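Listed below, chain by chain, are the residues.
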Amino acid sequence: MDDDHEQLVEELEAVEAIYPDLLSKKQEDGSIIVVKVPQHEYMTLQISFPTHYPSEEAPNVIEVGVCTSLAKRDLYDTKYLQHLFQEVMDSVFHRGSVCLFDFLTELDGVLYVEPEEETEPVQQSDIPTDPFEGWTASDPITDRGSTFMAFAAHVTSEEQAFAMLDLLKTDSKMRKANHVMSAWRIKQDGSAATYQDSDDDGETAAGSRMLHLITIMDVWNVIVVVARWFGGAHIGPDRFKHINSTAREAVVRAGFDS
């Protein structure tokens, strides 16, 4: 009777994070959902969320459905699976867990079907999503097959910019791209001690262009590095647009739009 929705809506976004396509919500936010066996089966679980949701008690297993042939249709029925489903909820009925995480455990054993006993996730990605020291980078964008990306960093006098950019350019992870371009700029807020130098390592046409680019963009005292990578066809629909919004915040934040 306090933040029951927040935790509820959070488990939704959490199960989403773990398994998107696998879960299907009948209702907009929580209330009623249909999850399908994590093995990507065909037996879908119809579950509702009563006024006494996880916090109060637990969700409500309303029904189960399954796409089956005449091979194992005699072994289990929908109402039958519903019975064991319920006895499993009994587990996720008095735990600090909401349901989804703990109940899959029992289902994992009772439903059987065990392929292997190991885990292999996907952690291979060129596109940077992790933070950097001194550096604030978060703008990877997508193009046909290619990937675009930029790293911004607020800086002080020339030593700072020189070192952090030196290092970054000679860094083997940034070294992995097709062509990288960089631009640094230092302008005294209200003084004359300014240090500026050009670049052209990757593509030379981008060197002076990027320089005047940061000039016309109304921005100083901050550095930016752009890199081009090759990936899949479009890498992912959620890659460019969604990160664009996030990236937009970073670039602006690091002092690109003050």
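Participant: Please explain the sheet that holds strand β1 (residues 23-25) as it appears in this structure.
Facilitator: Strands in a sheet are paired, the pairing made by backbone hydrogen bonds, and the direction either parallel or antiparallel. The sheet built from four strands is open, its strands ordered β1-β2-β3-β4 with antiparallel pairing. Of all strands in the sheet, those with a lone pairing partner are β1 and β4 (60-65), marking the two edges. Averaged over neighbouring strand pairs, the angle between their axes works out to 20° when direction is ignored. As judged from the five bridges shared by strand β3 (residues 44-48) and β4, these two strands associate in the antiparallel manner. Along β4, the bridge assignment pairs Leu45 with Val64. Contacts between helix α2 (residues 78-89) and the sheet are confined to β3 and β4, with β4 contributing the most and set at about 145° to the helix.

Participant: I keep staring at the sheet that holds strand β5 (residues 136-142) and nothing clicks. Help me out?
Facilitator: Pairing is antiparallel across the open sheet formed by four strands, whose spatial order is β5-β6-β8-β7. Unpaired on one side and paired on the other, β5 and β7 (179-183) mark the two borders of the sheet. In this sheet, adjacent strand axes meet at a mean angle of 15° when their direction is disregarded. Across six bridges, β5 lies against strand β6 (residues 146-154) in antiparallel orientation. Across the sheet, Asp139 pairs through a bridge with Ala150, a residue of β6. Of the strands in this sheet, β6, β7 and β8 (222-230) are in contact with helix α4 (residues 158-169), which crosses β8 at around 10°. Contacts from helix α5 (residues 204-216) reach β7 and β8 within the one sheet, and its direction differs from that of β7 by about 40°.

Participant: Looking at this structure, I do not really get the nonpolar core. What am I missing?
Facilitator: One broad trend across soluble globular proteins is that nonpolar side chains are buried collectively. Core analysis: the largest hydrophobic core is formed by 25 residues, its most contacted members being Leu45, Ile47, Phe85 and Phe103. For this core, the secondary-structure elements that each account for two or more residues are α1 (4-18), β2 (32-36), β3, β4, α2 and α3 (100-110). Counting residues per element, this core draws most heavily on α2, which supplies five residues. Ignoring any residue separated from it by four or fewer positions in sequence, one finds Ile47 in contact with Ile32, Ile33, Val35, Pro59, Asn60, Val61, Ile62 and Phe85. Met149, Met174, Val225 and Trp229 belong to the second largest nonpolar core, which has 20 residues in total.

Participant: So what exactly am I meant to see when it comes to the packing of α2 against α3 here?
Facilitator: When two helices pack together, their arrangement is captured by the angle between the axes and the distance separating the axes. Remark: α2 packs on α3, axes separated minimally by 9 Å, with the N-to-C direction vectors making an angle of 140°. The pairing of α2 with α3 is recorded here as oblique in orientation. When the axes of α2 and α3 are compared, the crossing they make is right-handed. Here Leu84, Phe85 and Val88 of α2 come into contact with α3, specifically with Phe103, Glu106, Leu107 and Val110. Its residues assigned to classes, the contact of α2 with α3 shows six nonpolar, no polar and one charged.

Participant: What am I meant to see in empty space enclosed by the protein here?
Facilitator: Empty space among the atoms becomes apparent when a probe as large as a water molecule is rolled across them. Counted by the stated rule, this structure contains three cavities of 30 Å³ or more. Lining the largest cavity are 19 residues, and of these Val15, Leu23, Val35, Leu100 and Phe103 lie nearest its centre. Of all the secondary-structure elements, those providing two or more residues to the lining of the largest cavity are α1, β2, β3 and α3. No other element matches α3, which puts four residues into the lining of the largest cavity.

Participant: What am I meant to see in the UniProt feature "domain: RWD" in the protein here?
Facilitator: Mapped onto this numbering, the UniProt entry annotates "domain: RWD" at residues 10-114. Here residues 10-114 is 30% helix and 18% strand, with 29 Å between the C-alpha atoms at its ends.

Participant: How should I be thinking about the packing of aromatic side chains in this particular structure?
Facilitator: Pairs of aromatic rings are described using the distance from one ring centre to the other and the angle between the two planes. Within this structure, the stated rule accounts for four aromatic pairs. Following the ring pairs from residue to residue traces out a cluster consisting of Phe132, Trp135 and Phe151.

Participant: Can you walk me through α4 in this structure?
Facilitator: Each α-helix winds once per 3.6 residues, and so residues spaced three or four apart point in a common direction. If you check α4, its first and last C-alpha atoms are 16 Å apart, about what twelve residues at 1.5 Å a residue would give, namely 16 Å. Its buried side turned inward, α4 meets β6, β7 and β8.

Participant: Would you mind showing me how to read a negative patch on the surface here?
Facilitator: A cluster of like negative charges, contributed by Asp2, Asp3, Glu6, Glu10, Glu13, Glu16 and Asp238, occupies part of the molecular surface. For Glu10, a relative accessible area of 52% puts it in the exposed group.

Participant: Help me understand the environment of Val224, please; the structure alone is not making it clear to me.
Facilitator: The topology assignment puts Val224 in strand β8. Residue class for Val224 comes out buried when judged on its relative accessible area of 9%. For the pair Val224 and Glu56, spaced 168 residues apart in sequence, the C-alpha separation works out to 51 Å. In this structure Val224 touches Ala150, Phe151, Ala152, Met181, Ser182, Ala183, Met210, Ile214 and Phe256, once residues within four positions along its chain are discounted.

How each quantity is defined
Residues numbered from 1 in each chain as written, not as in the entry; some residues may be left out. Heavy atoms only, no water. Pairing = 2+ DSSP bridges. Helix = DSSP H or I, 4+ residues; strand = E, 2+ residues; numbered from the N terminus. Axes fitted to C-alpha atoms, helices over the stretch in contact; angles between N-to-C directions. Contact = heavy atoms within 4.5 Å. Core = buried A, V, L, I, M, F, W, Y, C linked by side-chain atoms within 4.5 Å. Buried < 20%, exposed > 50% of the residue type's maximum accessible area, 1.4 Å probe, protein only. Parallel < 35°, antiparallel > 145°, perpendicular 65-115°, else oblique. Left-handed = near helix turned anticlockwise from the far one by under 90°. Nonpolar A, V, L, I, M, F, W, Y, C, P; charged D, E, K, R; others polar. 1 Å grid on protein atoms, 1.4 Å probe; cavity = no way out; pocket = protein on both sides within 12 Å on 5 of 7 lines; lining within 4 Å. Points joined across faces, edges and corners; volume = space filled by probe spheres on them. UniProt positions renumbered as here; feature names shortened; annotations may be inferred. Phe/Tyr/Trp six-rings, centres within 6.5 Å; stacked < 30°, edge-to-face > 60°. Expected span 1.5 Å × (residues − 1). Patch = residues over 30% accessible without salt bridge, like charges linked within 9 Å, V, L, I, M, F, W, Y side chains within 5 Å. Areas by Shrake-Rupley, 256 points an atom, 1.4 Å probe, with all protein chains shown as cover. Salt bridge = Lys/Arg side-chain N within 4 Å of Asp/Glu carboxyl O. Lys, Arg positive; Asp, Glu negative; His and termini not counted. Charge placed at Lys NZ, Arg CZ, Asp CG, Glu CD.

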